[PDB]
2 protein chains.
Amino acid sequence: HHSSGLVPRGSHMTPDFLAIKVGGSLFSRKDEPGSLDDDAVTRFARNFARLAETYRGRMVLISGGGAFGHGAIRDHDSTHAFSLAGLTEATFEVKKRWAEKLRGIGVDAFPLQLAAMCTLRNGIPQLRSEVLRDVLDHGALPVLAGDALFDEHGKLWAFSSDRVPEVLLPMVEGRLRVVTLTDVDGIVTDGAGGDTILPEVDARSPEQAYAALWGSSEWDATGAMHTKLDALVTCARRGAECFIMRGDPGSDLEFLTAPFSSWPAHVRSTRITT
Amino acid sequence: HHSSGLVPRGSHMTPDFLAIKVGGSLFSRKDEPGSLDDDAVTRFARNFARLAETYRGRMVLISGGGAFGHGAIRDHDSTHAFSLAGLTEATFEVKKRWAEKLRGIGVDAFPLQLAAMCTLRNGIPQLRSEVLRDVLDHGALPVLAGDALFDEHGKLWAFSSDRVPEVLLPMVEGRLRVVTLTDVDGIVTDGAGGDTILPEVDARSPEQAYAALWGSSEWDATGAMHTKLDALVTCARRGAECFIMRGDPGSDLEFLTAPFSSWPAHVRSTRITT
Ligand SMILES: Nc1ncnc2c1ncn2[C@@H]1O[C@H](COP(=O)(O)OP(=O)(O)O)[C@@H](O)[C@H]1O
Ligand SMILES: Nc1ncnc2c1ncn2[C@@H]1O[C@H](COP(=O)(O)OP(=O)(O)O)[C@@H](O)[C@H]1O
Ligand SMILES: [Mg+2]
Ligand SMILES: [Mg+2]
């Protein structure tokens with residue numbers, strides 16, 4: 001036994017940190033190049049702004065790649081992994097669009113290139129720049145996304161926005177809450193369209209959640225729901241309280257500041273914890 | 001006296017590392033939003049590619065901001081320094097354009113956001129990400145530019161591409177050569193259009209070079225030739241061999257691999273050294 005700080009945890013406790021990921025499904029048609037739904041971005045931005053005021057210096061916003069990101073991966077030459085470099089430019093564009101919009105409504109939103117801050121070592125992302133912590137300590141809102149990351153052999157890999165919360169794990173003090181907004185209400189069990197949402201998944205033994213999953217579409221290059229589950233199990237096994245739930249641009253999100261047991265009764269999600 | 005490695009230096013010696021900065025003047029009209037001269041970019045790229053093959057893992061390309069960068073600074077609200085955040089998006093675009101072009105001709109060019117890697121402390125830029133060194137060690141070509149950088153108090157500052165070589169100084173082993181390509185042949189002495197180029201400046205006492213300088217235009221927000229001189233004096237006082245010289249998109253640049261005393265006789269520059 002190595003000693004560590006005892007962190008009080010539970011459905012009664014308020015999060016110390018929010019990592020909110022917004023799926024591309026919610027503001028982009030993957031099929032349509034350069035699709036960004038500015039109305040969706042605008043409306044979501046307003047809701048993210050309120051969260052960012054409360055979680056000042058205690059939140060990151062993570063954007064999916066949409067048409068920009070999936071397109072970069074679709075269109076690269078798999079025979080030279082370096083052609084994935086275009087992915088970093090593509091996901092920068094999406095971070096830019098979020099950050100611009102947020103700054104227009106008074107949020108100190110700053111896009112950061114994950115590829116400039118993180119590399120892979122034995123498959124595990126490694127935060128290698130102190131700048132993310134400084135930005136948060138200045139009270140700003142980092143806008144992040146997935147990226148093309150170098151490994152220790154110099155090979156580029158496509159690293160989904162869904163996995164970005166993993167990079168926060170050794171950095172974030174106290175209770176991390178990770179919320180992945182998507183186009184489904186959570187992990188649906190008993191049907192490749194629907195039956196019922198699985199309300200709780202135990203990250204120590206999530207075999208039933210994995211049993212529920214179905215395929216990625218043709219348009220999807222980063223593994224859809226399986227990649228989400230893998231990332232959120234990873235985060236939950238390191239103490240995070242994680243959620244898959246439905247995004248909606250005008251939906252109020254202030255309940256994401258609140259302890260889970262105090263959430264409104266209408267809110268549906270899959271919660272992943274240990 | 002603290003001991004350090006004795007580095008052989010002189011006009012007879014070949015550089016171990018090349019930092020090539022390409023001024024916005026050379027591929028953008030600052031006055032014209034979104035001006036990027038694709039023919040200039042294409043032609044320069046071809047010449048930079050040959051350098052990058054020889055200096056594989058031993059070179060950075062640094063782009064000026066042109067219309068994108070100067071525009072971001074022109075158009076920000078000086079009453080909230082955070083509105084400078086748009087600068088990081090603007091100079092990312094320019095890095096993207098270079099990197100795209102270079103990759104199209106077989107160079108492993110990867111844009112990196114300086115703001116994600118570097119902060120200011122007591123006015124001195126501090127490299128805070130290990131990713132730049134890794135990228136170079138993988139044999140890739142970092143494409144850099146100026147940026148909006150956070151200081152230790154959370155204030156954003158516009159940091160010119162001209163100063164980017166300063167960030168390399170504690171990282172680069174051996175002989176660094178810094179070449180700033182601009183729209184003049186060097187530091188002109190005896191006239192606010194021309195008289196003669198100052199061929200050599202001693203960084204230990206460069207008072208005559210500073211005496212030669214004239215103003216920034218209306219369009220220029222990062223201090224024109226004075227900022228170049230300040231950056232290159234800084235680098236030279238830490239051992240770099242620095243050059244201000246004229247850029248031209250089709251000009252062959254292979255002589256930039258070569259010891260200074262072996263350069264062609266037609267080449268004009270201001271050389272700054274200690
Ligand atoms: N068991 C499941 N429950 C819910 N969604 C699932 C399941 N299995 C696969 N999926 C798919 O995962 C999709 C969400 O992932 P994805 O398409 O990548 O969206 P995002 O844009 O949020 O990353 C859903 O639209 C659904 O089609
Ligand atoms: N003594 C000098 N010698 C040469 N150029 C000078 C001098 N003083 C000022 N300058 C100005 O500096 C300019 C180059 O800096 P700048 O406009 O910022 O170009 P860049 O795009 O390379 O950064 C020249 O075009 C010139 O007008
Ligand atoms: Mg996805
Ligand atoms: Mg300049």
# chains A, B, ... in the order shown; residues from 1 in each chain; ligands from 1
>>> residues_near_ligand(ligand="ligand 1", cutoff="9 Å", atoms="only C-alpha atoms and all ligand atoms", output="PyMOL selection string")
chain A and resi 21-28+30+64-66+160-162+180-194+197-198+209-217+219-228+244+246-247
>>> interface_residues(of="chain B", to="chain A", cutoff="8 Å", atoms="only C-alpha atoms", output="list in words")
residues 82, 83, 85, 86, 89, 96, 100, 103, 108, 109, 110, 111, 112, 113, 115, 116, 117, 118, 119, 128, 129, 130, 131, 132, 135, 138, 150, 153 and 154 of chain B
>>> write_last_selection(atoms="N, CA, C and O atoms", output="short mmCIF file (atom, residue, chain, number, x, y, z; two decimals), in the first residue's frame")
data_model
loop_
_atom_site.label_atom_id
_atom_site.label_comp_id
_atom_site.auth_asym_id
_atom_site.auth_seq_id
_atom_site.Cartn_x
_atom_site.Cartn_y
_atom_site.Cartn_z
N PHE B 82 -8.06 39.18 -23.32
CA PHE B 82 -8.43 37.80 -23.78
C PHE B 82 -8.96 37.75 -25.22
O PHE B 82 -8.91 36.71 -25.85
N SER B 83 -9.45 38.85 -25.75
CA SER B 83 -9.88 38.89 -27.16
C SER B 83 -8.71 38.62 -28.13
O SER B 83 -8.94 38.20 -29.29
N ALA B 85 -7.21 36.02 -27.98
CA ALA B 85 -7.26 34.61 -28.22
C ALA B 85 -7.44 34.30 -29.70
O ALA B 85 -6.95 33.28 -30.18
N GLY B 86 -8.12 35.17 -30.44
CA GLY B 86 -8.34 34.92 -31.85
C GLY B 86 -7.08 34.79 -32.63
O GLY B 86 -7.08 34.20 -33.71
N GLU B 89 -5.96 31.18 -33.28
CA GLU B 89 -6.72 30.54 -34.38
C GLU B 89 -6.17 31.07 -35.72
O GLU B 89 -6.00 30.31 -36.67
N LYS B 96 -1.27 25.67 -40.90
CA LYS B 96 -1.99 24.70 -41.67
C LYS B 96 -1.67 24.86 -43.13
O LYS B 96 -1.39 23.89 -43.81
N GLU B 100 0.08 21.67 -45.00
CA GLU B 100 -0.61 21.04 -46.10
C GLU B 100 0.20 20.99 -47.38
O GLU B 100 0.25 19.94 -48.08
N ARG B 103 3.34 18.67 -46.96
CA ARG B 103 2.93 17.27 -47.03
C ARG B 103 2.56 16.85 -48.45
O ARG B 103 2.83 15.73 -48.82
N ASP B 108 7.21 15.54 -44.12
CA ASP B 108 6.43 15.19 -42.94
C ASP B 108 6.29 16.44 -42.06
O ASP B 108 6.93 16.58 -40.99
N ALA B 109 5.52 17.40 -42.55
CA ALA B 109 5.27 18.65 -41.89
C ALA B 109 4.08 18.62 -40.93
O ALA B 109 2.96 18.28 -41.34
N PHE B 110 4.30 18.99 -39.67
CA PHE B 110 3.28 18.92 -38.62
C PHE B 110 3.16 20.30 -37.93
O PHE B 110 4.17 20.81 -37.39
N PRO B 111 1.97 20.94 -38.01
CA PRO B 111 1.81 22.28 -37.39
C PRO B 111 1.70 22.09 -35.90
O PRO B 111 1.01 21.19 -35.48
N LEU B 112 2.36 22.93 -35.14
CA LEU B 112 2.22 22.96 -33.72
C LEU B 112 1.88 24.34 -33.22
O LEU B 112 2.57 25.31 -33.47
N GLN B 113 0.86 24.36 -32.39
CA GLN B 113 0.39 25.56 -31.67
C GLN B 113 1.30 26.03 -30.54
O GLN B 113 1.41 25.39 -29.51
N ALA B 115 1.10 28.35 -28.48
CA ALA B 115 0.34 28.66 -27.25
C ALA B 115 0.04 27.43 -26.38
O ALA B 115 -0.16 27.58 -25.20
N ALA B 116 0.04 26.25 -26.96
CA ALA B 116 -0.15 24.98 -26.25
C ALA B 116 1.14 24.39 -25.64
O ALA B 116 1.10 23.39 -24.91
N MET B 117 2.26 25.04 -25.93
CA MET B 117 3.59 24.58 -25.60
C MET B 117 4.46 25.55 -24.85
O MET B 117 5.51 25.16 -24.42
N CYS B 118 4.11 26.82 -24.78
CA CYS B 118 4.98 27.86 -24.31
C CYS B 118 4.14 28.91 -23.56
O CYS B 118 3.07 29.27 -24.01
N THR B 119 4.66 29.42 -22.46
CA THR B 119 4.07 30.53 -21.74
C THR B 119 5.16 31.56 -21.50
O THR B 119 6.33 31.28 -21.72
N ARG B 128 7.27 24.66 -22.43
CA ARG B 128 6.61 23.92 -21.38
C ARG B 128 6.04 22.56 -21.84
O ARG B 128 5.40 21.86 -21.05
N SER B 129 6.27 22.19 -23.10
CA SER B 129 5.82 20.93 -23.70
C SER B 129 7.03 20.23 -24.28
O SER B 129 7.88 20.86 -24.94
N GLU B 130 7.12 18.93 -23.98
CA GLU B 130 8.13 18.05 -24.53
C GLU B 130 7.85 17.61 -25.96
O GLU B 130 8.67 16.90 -26.56
N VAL B 131 6.67 17.95 -26.48
CA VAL B 131 6.23 17.43 -27.77
C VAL B 131 7.12 17.97 -28.90
O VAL B 131 7.43 17.23 -29.79
N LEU B 132 7.60 19.23 -28.81
CA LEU B 132 8.44 19.78 -29.94
C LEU B 132 9.71 18.98 -30.13
O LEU B 132 10.04 18.57 -31.26
N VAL B 135 8.77 15.47 -31.68
CA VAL B 135 8.46 15.63 -33.13
C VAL B 135 9.74 15.72 -33.92
O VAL B 135 9.90 15.04 -34.92
N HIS B 138 11.44 12.34 -34.01
CA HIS B 138 10.79 11.45 -34.97
C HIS B 138 11.16 11.77 -36.41
O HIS B 138 10.80 11.00 -37.31
N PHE B 150 -0.07 33.04 -22.98
CA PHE B 150 -0.34 33.41 -21.58
C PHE B 150 0.89 33.72 -20.83
O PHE B 150 1.90 33.00 -20.96
N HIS B 153 0.50 35.67 -14.98
CA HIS B 153 -0.71 36.26 -14.44
C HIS B 153 -1.99 36.00 -15.24
O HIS B 153 -3.06 36.51 -14.85
N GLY B 154 -1.91 35.23 -16.31
CA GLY B 154 -3.04 34.88 -17.15
C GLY B 154 -3.38 35.91 -18.21
O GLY B 154 -4.40 35.77 -18.84
#
>>> closest_residue(among="B:176, B:94, B:235, B:156", to="residue 14 of chain B", atoms="only C-alpha atoms")
B:176
>>> residues_around(residues="segment 31-34 of chain B", least_positions_apart="5", cutoff="8 Å", atoms="only C-alpha atoms", output="NGL selection string")
:B and (67-68 or 71 or 219)
>>> atom_distance(atom1="atom CA of residue 257 of chain A", atom2="atom CA of residue 146 of chain A")
24.3 Å
>>> select_by_dssp(residues="segment 70-267 of chain B", states="strand (DSSP E or B)", output="ChimeraX atom specification")
/B:109-111,118-121,124-127,129,141-145,147-150,156-159,176-182,188-189,196-197,200-202,241-246
>>> write_last_selection(atoms="C-alpha atoms", output="CSV table (one decimal), in the first residue's frame")
chain,number,residue,atom,x,y,z
B,109,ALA,CA,5.3,18.7,-41.9
B,110,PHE,CA,3.3,18.9,-38.6
B,111,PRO,CA,1.8,22.3,-37.4
B,118,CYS,CA,5.0,27.9,-24.3
B,119,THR,CA,4.1,30.5,-21.7
B,120,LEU,CA,5.7,33.8,-20.7
B,121,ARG,CA,7.4,34.2,-17.3
B,124,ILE,CA,10.8,35.3,-21.3
B,125,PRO,CA,9.1,32.6,-23.3
B,126,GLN,CA,9.3,29.2,-21.7
B,127,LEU,CA,9.0,25.9,-23.5
B,129,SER,CA,5.8,20.9,-23.7
B,141,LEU,CA,9.2,19.1,-39.6
B,142,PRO,CA,7.5,21.3,-37.0
B,143,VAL,CA,5.7,24.1,-38.6
B,144,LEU,CA,5.5,27.0,-36.2
B,145,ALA,CA,4.3,30.6,-36.0
B,147,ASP,CA,0.9,33.3,-31.2
B,148,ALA,CA,-1.1,34.6,-28.3
B,149,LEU,CA,0.8,33.4,-25.2
B,150,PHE,CA,-0.3,33.4,-21.6
B,156,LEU,CA,-2.4,37.1,-23.2
B,157,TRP,CA,0.4,38.7,-25.2
B,158,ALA,CA,1.0,38.8,-29.0
B,159,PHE,CA,4.3,37.0,-29.5
B,176,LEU,CA,21.9,26.8,-34.3
B,177,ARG,CA,21.5,28.9,-37.4
B,178,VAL,CA,18.5,31.2,-37.6
B,179,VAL,CA,17.5,32.7,-40.9
B,180,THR,CA,14.8,35.4,-41.1
B,181,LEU,CA,13.6,35.8,-44.7
B,182,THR,CA,12.1,39.2,-45.3
B,188,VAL,CA,20.0,49.1,-44.3
B,189,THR,CA,22.1,51.9,-43.0
B,196,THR,CA,24.0,50.1,-47.8
B,197,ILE,CA,23.4,46.8,-46.0
B,200,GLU,CA,27.8,42.1,-39.8
B,201,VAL,CA,26.4,43.0,-36.3
B,202,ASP,CA,28.1,42.0,-33.1
B,241,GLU,CA,24.4,32.4,-36.0
B,242,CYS,CA,21.6,34.6,-37.2
B,243,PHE,CA,20.7,36.2,-40.6
B,244,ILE,CA,18.3,38.8,-41.9
B,245,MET,CA,18.1,38.4,-45.6
B,246,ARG,CA,15.7,38.8,-48.6
>>> closest_residue(among="B:81, B:169, B:253, B:73", to="residue 45 of chain B", atoms="only C-alpha atoms")
B:253
>>> residues_around(residues="residue 204 of chain B", least_positions_apart="2", cutoff="9 Å", atoms="only C-alpha atoms", output="list in words")
residues 201, 202, 206, 233, 236, 237, 273 and 274 of chain B
>>> write_last_selection(atoms="C-alpha atoms", output="PDB file, in the first residue's frame")
ATOM      1  CA  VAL B 201      26.369  42.963 -36.348  1.00  0.00           C
ATOM      2  CA  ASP B 202      28.087  42.037 -33.077  1.00  0.00           C
ATOM      3  CA  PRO B 206      24.663  46.142 -31.694  1.00  0.00           C
ATOM      4  CA  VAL B 233      20.495  39.556 -30.848  1.00  0.00           C
ATOM      5  CA  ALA B 236      23.237  35.305 -31.027  1.00  0.00           C
ATOM      6  CA  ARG B 237      24.140  36.150 -27.409  1.00  0.00           C
ATOM      7  CA  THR B 273      26.724  36.814 -34.092  1.00  0.00           C
ATOM      8  CA  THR B 274      28.799  37.074 -30.932  1.00  0.00           C
TER       9      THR B 274
END
>>> atom_distance(atom1="atom CA of residue 52 of chain A", atom2="atom CA of residue 234 of chain A")
24.8 Å
>>> select_by_dssp(residues="segment 157-272 of chain A", states="helix (DSSP H, G or I)", output="MDAnalysis selection string")
chainID A and resid 161:168 207:212 224:237 254:257 260:262
>>> atom_distance(atom1="atom CA of residue 87 of chain A", atom2="atom CA of residue 248 of chain A")
26.2 Å
>>> closest_residue(among="A:84, A:41, A:49, A:18", to="residue 165 of chain A", atoms="only C-alpha atoms")
A:18
